[PDB]
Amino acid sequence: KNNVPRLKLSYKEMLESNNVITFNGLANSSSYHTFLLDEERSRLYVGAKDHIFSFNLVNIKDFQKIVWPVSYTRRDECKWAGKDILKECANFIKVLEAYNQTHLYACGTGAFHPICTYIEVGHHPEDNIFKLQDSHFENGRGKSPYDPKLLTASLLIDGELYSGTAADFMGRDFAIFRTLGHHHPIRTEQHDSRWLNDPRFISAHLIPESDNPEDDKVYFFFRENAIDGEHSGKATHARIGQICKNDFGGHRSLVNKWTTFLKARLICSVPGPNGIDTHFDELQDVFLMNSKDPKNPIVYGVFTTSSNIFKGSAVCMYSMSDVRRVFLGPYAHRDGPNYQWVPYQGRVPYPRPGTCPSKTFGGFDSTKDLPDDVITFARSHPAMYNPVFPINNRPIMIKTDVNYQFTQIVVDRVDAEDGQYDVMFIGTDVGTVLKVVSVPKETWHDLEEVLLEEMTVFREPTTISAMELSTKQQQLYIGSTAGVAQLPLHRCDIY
């Protein structure tokens, strides 16, 4: 029933108890935001400014660094663009995923000229190979943004890259891309408000729908500016967008453009007395709690208030069964520009747009062999009407009166000799980490919030940008421009 940490600690105390291994980062670098955890290779990769690191996730003081800056020529070109020589004209690594069984794929802002390449790690982890394959350099457009201020939700599977970010120099052509591989890169309609409206990506996950890979979907989480009318009402909408991994675009229309793209509002609010709810629209981070059933990973989300005078944070939970229901629900439909959004009620193209091409029903092989009505629809119906509410219609945690806001989250399923509890590790914009448990107080609905620890993990206060949980090292890794930080999950002999 309290909101005070039963165990508070500062970077100081943490350092005087063996609970923090700080990497202060090189003097000629920053922005250690991109994390690529690798349990197998037992290393923790962190792509930053002009560099890419390979930390030893047992003690991040031991590592390797691939200095990957940009050519003098490129630097100058960025300079001539009237940009910030130090803050902007640098190669900020924004993408870092796995590719070959011996190479990583990395992308970054090549000083407002996105470039990517490979990072040979090798076959055997025994011989820690951290070699950068220079001279190649592939087009970074659509993979890493031009502006370092923008992030990227990346997902690299089966040799193909999925990434949502701003694709242009002007940084106003945001789109979900599918690069690499065999086929021509896939993209979302550009300059189309109904598809994407000045969004900001958070993450992308490969979620299987059944035992048939043919039915694999890729979910992107992101926030964007709402759209409804020409009335005084700007607003944010956290969202989740689904797309079929086996989508290859239209035939005589959406050429090389997703055909199975749909989105739904993710609502994270707290019911009120007079019937008006309090919403946490600003989606900051998302973590998937892998259930034994890969088809139903639990979705935790870290949301924030839109108001500048009412700072607040929330942690909402969603079940895929819900998102799937929404995605199988009414399509948001609007007749004219000055019409109220209404749930579409009348003839839906078959197969249902949004549904992946199946060699069992309809028989239609490949998206490229779909009717025209199933391409015209979806093309103007990217959004679902009904929103997906959190489990139980409320967040499992809320922090208001506090002076900081949540920025990252990860959770471990710890089995206790009296049941299992989902322990959340929430990162703050202040540089502190909170460990909380939401045990159901006597009954689901009236649950108790327990703040176990509040540990600062950076000499100076900074915004936490990345968190990676290791269930093989039992170590948490925080990231920021100030550098990376490592700490143990527990500390049971200090309570």
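Note that residue numbering follows the sequence shown and begins at 1.
* Averaged over C-alpha atoms, is the B-factor higher for 191 to 199 or for 353 to 361 in this PDB entry? -> If you average the C-alpha B-factors of 191 to 199 and of 353 to 361, the larger mean comes out for 353 to 361.
* Stretch with the higher entry mean CA B-factor, where the candidates are 86 to 94 and 387 to 395 -> The deposited B-factors put 86 to 94 ahead on the C-alpha mean.
* Peak C-alpha temperature factor (PDB record), options 27, 426, 430, 36 -> Most elevated C-alpha B-factor of the set, per the entry: 27.
* Candidate residues 285, 126, 281, 147, the one whose C-alpha B factor the record puts highest -> Reading the PDB entry, the winner on C-alpha B-factor is 126.
* To do: Pull the Cα B-factor of residue 434 out of the PDB entry and bin it into the chain's lowest, middle or highest third.
  => Answer is lowest: the recorded C-alpha B-factor places it there.
* **residue 252 by Cα B-factor - lowest, middle or highest third of the modelled chain** => Its C-alpha B-factor, which the entry lists for residue 252, ranks in the highest third among residues of this chain.
* Position of residue 222 among the chain's modelled residues by C-alpha B-factor, lowest, middle or highest third -> Lowest third.
* To do: Would you mind ranking residue 208 by its C-alpha B-factor against the rest of the chain and naming the third, lowest, middle or highest?
  => Middle third by C-alpha B-factor.
* Asked: With respect to C-alpha B-factor, does residue 419 fall in the lowest, middle or highest third of the chain as deposited?
  -> According to the entry, residue 419 has a C-alpha B-factor in the chain's highest third.
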